[PDB]
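Read the structure below first, then the notes.
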Amino acid sequence: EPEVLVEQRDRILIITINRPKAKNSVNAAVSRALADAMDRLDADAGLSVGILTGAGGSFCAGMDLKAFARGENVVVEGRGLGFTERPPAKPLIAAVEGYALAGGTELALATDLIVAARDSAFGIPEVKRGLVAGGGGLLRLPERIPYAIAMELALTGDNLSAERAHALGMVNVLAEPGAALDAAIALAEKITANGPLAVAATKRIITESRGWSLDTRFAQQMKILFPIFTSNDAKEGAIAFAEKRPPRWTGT
Amino acid sequence: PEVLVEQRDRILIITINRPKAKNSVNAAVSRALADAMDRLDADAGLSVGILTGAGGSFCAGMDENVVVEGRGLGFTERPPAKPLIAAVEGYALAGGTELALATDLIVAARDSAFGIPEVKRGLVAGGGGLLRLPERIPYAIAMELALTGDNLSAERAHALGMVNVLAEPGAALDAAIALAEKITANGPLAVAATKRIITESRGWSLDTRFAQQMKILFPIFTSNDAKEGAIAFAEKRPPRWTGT
Amino acid sequence: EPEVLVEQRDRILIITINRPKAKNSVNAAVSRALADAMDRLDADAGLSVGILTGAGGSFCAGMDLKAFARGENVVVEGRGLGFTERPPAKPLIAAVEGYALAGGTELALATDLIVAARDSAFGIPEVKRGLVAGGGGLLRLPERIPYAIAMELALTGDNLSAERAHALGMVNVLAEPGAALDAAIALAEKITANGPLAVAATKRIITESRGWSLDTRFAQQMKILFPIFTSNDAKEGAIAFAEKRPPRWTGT
C-alpha cells in the first residue's frame, strides 16, 4: 500500500497520509510523496484546490523520529517535511481528525485553510522532549494566532484544541468528528467555483505581502495584478455577469 | 459637490456624496478624497478625519481616471498622516472594503457588511484589501475571505478586531464622532507621532526599531504640549493644547 | 527597602519592583537593578525562567516622571526602561496586579508571557498628557492584539482591562486578585520542566523570525536548531521517553 494516497474528485486533489499504524508520522516516503503530490496539484490544469488529510481518523503525529535518527531523507532540500518549505501555488486545505501534533501541526499550518473535527487537537510538544519544532511551526504559529499564546504553546508544549484554535482564528471551519474531509471538500468547491488565475494571484499577494515594505508593496502587488487585467477569465467574468449567466473559466 | 467636507473643532468629516450610484468612486470623488486628506494633514488645528458615505451606504466599490498615481483610489495607496476613522453603513463591498481598511479605525453599523468578492468574477482586489485584511483579522480568516469572496458581517469583523465599534444602524457617524472626540482631546503632536510610529514600525527591524522610533520621539520631549500636559495634570484641570 | 527585590525559588528568578509608595514606577535605580537581574537570569546555570512582578498590589505605574525631570539616567543605552530594548534570552513572565500603566504596560509587553489578576488594568495613556510611549509599547502592542485595537488604545489612551486583554490574547492567564505571582510560578514550572536548550532556542526563533524574509527564514532557523540535533538533552529526552520516566536535563 502506498504511504500516501492521492485521489482526484473533479478539480480537487485529495492527498492522504496513509501510515495509520505509525500514527501517520512522516518518513522519507511520505515526505517525497507529499512533495510529488503538490507538484502534481500545481502542474495539472484540471485541478484547482488540494486537500491534505490523514488515514484512520488521525491527521499526523509528526515527523517519524526513528526514520530521521536512522538517516532517511525526511527533510528534503527546499521542501522540508513534504512541503513545509515550499507550499503549492494553488489553494491547499488541511482536513484534520484526531491528533495533528508536532510536525503534524506544522503540515496543517503550511496549508492555507484548516478544517478540523470538533474533537481534534494541535500542539508543538517538541520542547518537552528536548527538541525544537523545525518544520515551520515556530515561524507560522505566531502568524496565525495571538503572538503570546503561540509563545506559550511553544514553550510549554501544551495541546491546543480544535475549538480553541477555531476561536483564535487558526481553524477556519469546525466539522463533525469523521466529517472533516467532506467539509474541506465543500470549502474547496467554493474556491474552485472562482477564477483560478485570480485565486492563485490572490493567494500569492496575501502570502508574500508580509515581506513587502510600505513604500514598495503596491508596486510589488501590481506586478502580480498585471496579467489579471487582460486575462481571458477577467473578460469572461464581466461578460457572463453582464449576460446574467454563470462564468466559464479557462485559467487564461 | 460629489464629496462634502466639514470642520468640527479638530475633526474633519469627509462624506462621499453620490448615493444614486451607492457612493461608488469616480474621478471627482477620488480627486476630492485626496484633496481632503491633504487638507486634514496640512491644518495643525485638525487632528482626526472621518470618512462616511451619504444616505445609508458607505461605498459600493469602483464605479475615467479614478486611480490617482501615488495615491490610488482617493487615498488607498497613501493614507493620511493623521488618524482616520471610517463610519460604515450598509454595504462596504469590494473597493468599499478597501477604503475602510485604508483608514485606521472602523466604526460600523451592526447591520453592515464587508467583503472582497473580486475572485468570483475572475478579478483580484488591487486597492490594498489583500495587503490590509491579513493585518487586521486572523491570517487564515483573511485568506478564506479572499479566496472564497464571501461577505464578512460587521459583527464578525468586530469579533475579529477589525471593527473597533459597533453602532446602531443609522448611527455609525455619531459613534465615529464620539471616538474622534476621545482622540482630539489628546495632544495633537503626540497623537500624530503615535500613529506614525505604529504605522512605520511594521517595517523596522528589531535591531533598529528603537532608534527609528527615537527620531520621531525627539521633538515631543521639548514640545510646548508636553509641558502643558504636565502643568495641566498637577493643576487637576483640562489641558489647553497648541500643537507645538 | 532595596528598590528591586530578587529572589530565587528553585530554578525561577523572581524579580519584584519594590517602590509601592511610588506605585512601583521606574527611576534610575529600578532601571539598573532590572537590567542586573535580567543579566543574572541569563548568566546563572541554575536559572531557567524569570518572573517580573511589583510589590504592594500594583505592577508598575510607568516611568518615574519626577526622576526623569530631575535628570536621572532612567532610559539606559542599549537597554531602555530596565530591559525594554534588550529582553533576556531565558523566558520571562510578567505577574501583574492592580495597574500596569504607561511604561508599566511596556515592561509587561517586553516579557514573553503575561499572567494578570482578574481586576488589573493595562494601557498607554501617554497621549492624554501630550507624551508618546517610548519604551516599546507602540512597537509591541500592535503585535499582541488586533492591530486596529492597538491603534485605538494608543490614540485614545484608554485603559485596557485584564479581562479584555485576555480575550484579545495579550494576557495568557487570568489570576485571582492577589495571586498573580502564584499563577506565574505554576506557568514557570511547566516551562522549567522542559528541555532548557530547546526552550531557549524556541523563544529565540519565535522572537527573531518576525524579522526574517520568506526565502531566508528556514535557513536562519536552521542556524539556531543546529546544536539541538546533537545536544545531550535531545538524547536524554528520547531515553527518558523510552524508559517512561522524567527526563533529567543538563542544558547540553
Side-chain angles (χ1 to χ4, degrees), chain A residues 11-12 48-53 87-96 100 108-118 120 122 140-141 143-146 162-175 179-196 198-210, chain B residues 92-94 97-98 100-101 113-121 123-125 128-163, chain C residues 146-147:
Chain A
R11 309 185 56 83
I12 302 164
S48 295
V49 186
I51 298 175
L52 177 55
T53 212
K90 285 171 198 177
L92 179 52
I93 305 176
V96 181
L109 284 165
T111 73
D112 309 304
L113 307 167
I114 302 171
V115 175
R118 194 162 277 283
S120 62
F122 302 78
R140 294 176 169 117
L141 199 66
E143 290 173 352
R144 298 268 224 115
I145 66 172
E163 287 172 319
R164 197 183 177 198
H166 171 253
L168 293 174
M170 170 172 156
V171 164
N172 294 85
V173 183
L174 288 170
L181 181 57
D182 290 328
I185 299 171
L187 172 56
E189 272 160 3
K190 284 151 58 60
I191 290 162
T192 293
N194 298 328
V199 172
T202 288
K203 171 177 163 157
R204 259 200 80 183
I205 295 162
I206 305 288
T207 309
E208 304 188 355
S209 65
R210 85 171 51 248
Chain B
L93 305 180
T97 279
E98 301 185 299
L101 282 168
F114 302 89
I116 53 182
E118 276 81 352
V119 292
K120 294 146 116 58
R121 264 146 81 177
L123 298 157
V124 181
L130 300 193
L131 304 172
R132 291 172 175 125
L133 196 60
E135 287 159 2
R136 298 277 263 283
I137 69 176
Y139 183 91
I141 305 315
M143 184 63 88
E144 173 171 8
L145 294 165
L147 303 188
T148 59
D150 290 348
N151 292 342
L152 172 72
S153 74
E155 288 171 324
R156 193 181 184 207
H158 177 258
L160 297 170
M162 165 177 164
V163 162
Chain C
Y147 186 60

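Order of the sequence lines fixes the chain letters, A, B, ..., with proteins taken first and strands second; residue numbering starts at 1 for each chain.
- Listed here is the closest heavy atom pair of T111(A) and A108(A): OG1-O, 2.6 Å.
- Under the side-chain contact (heavy atoms from CB on, under 4.5 Å) criterion, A198(A) pairs with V119(B), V124(B), sequence neighbours left out.
- Atom CE of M170(A) and atom CG of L109(A) lie 4.5 Å apart (nearest 0.5 Å).
- The CD1 atom of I114(A) sits 10.0 Å away from atom CG of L92(A), with the distance rounded to the nearest 0.5 Å.
- Rounded to the nearest 0.5 angstrom, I93(A) CD1 and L181(A) CG are separated by 10.0 Å.
- A salt bridge (charged side-chain N to carboxylate O under 4.0 Å, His left out) check over residues 135-147 of chain B, counting only residues at least two apart or in different chains, returns the pairs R217(A)-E135(B).
- Judged purely by atom type and a 3.5 angstrom limit, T97(B) has no side-chain atom pairing as donor or acceptor with the backbone of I116(B).
- Of all non-hydrogen atoms in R140(A) and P87(A), the two that sit nearest each other are NH2-CG, 3.7 Å.
- Using a 4.5 Å heavy-atom cutoff, the side chains of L145(B) and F114(B) are not in contact.
- Taking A175(A) as the reference, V115(A), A180(A), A183(A) meet the side-chain contact (heavy atoms from CB on, under 4.5 Å) condition, with sequence neighbours excluded.
- Here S48(A) pairs with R11(A) under the side chain to side chain donor-acceptor pair (under 3.5 Å) rule; sequence neighbours left out.
- When atom types are taken as modelled, the side chain of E118(B) and the backbone of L123(B) share no donor-acceptor pair closer than 3.5 angstrom.
- Listed by chain and number, the residues in a salt bridge (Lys or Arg N to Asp or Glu O under 4.0 Å) with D150(B) are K190(A) (sequence neighbours excluded).
- Among residues two or more places apart in sequence or in another chain, the side-chain contact (heavy atoms from CB on, under 4.5 Å) test is passed with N151(B) by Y91(B), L93(B).
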From CA spacing to verdict: side chain to side chain contact (heavy atoms under 4.5 Å, CB included), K90(A), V199(A): CA-CA 8 Å; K90(A) 285 171 198 177; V199(A) 172; over 6 Å; no
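- Nearest heavy-atom pair across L168(A) and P138(B) is O-CG, 3.9 Å.
- The backbone N or O of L147(B) sits nowhere less than 3.5 Å from a side-chain atom of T202(A) that would complete a donor-acceptor pair.
- Here the CD atom belonging to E98(B) is positioned 10.0 Å from the CG atom belonging to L133(B), to the nearest 0.5 angstrom.
- Here the OG1 atom belonging to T192(A) is positioned 5.0 Å from the CD1 atom belonging to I12(A), to the nearest 0.5 angstrom.
- Applying the side chain to side chain donor-acceptor pair (under 3.5 Å) rule to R204(A) yields the partners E208(A); only residues at least two apart in sequence or on another chain are considered.
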Full working for side chain to side chain contact (heavy atoms under 4.5 Å, CB included) between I191(A) and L113(A): CA-CA 11 Å; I191(A) 290 162; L113(A) 307 167; 3.5 Å; yes
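- Partners of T207(A) according to the side-chain contact (heavy atoms from CB on, under 4.5 Å) rule, which considers only residues two or more places apart in sequence or in another chain, are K203(A), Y139(B), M143(B), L214(C).
- Applying the side chain to side chain donor-acceptor pair (under 3.5 Å) rule to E163(A) yields the partners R118(A); only residues at least two apart in sequence or on another chain are considered.
- In terms of heavy-atom proximity, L131(B) sits nearest to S209(A) at CD2-CB, 3.5 Å.
- For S120(A) against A116(A), the heavy-atom pair with the smallest separation is OG-CB, 3.5 Å.
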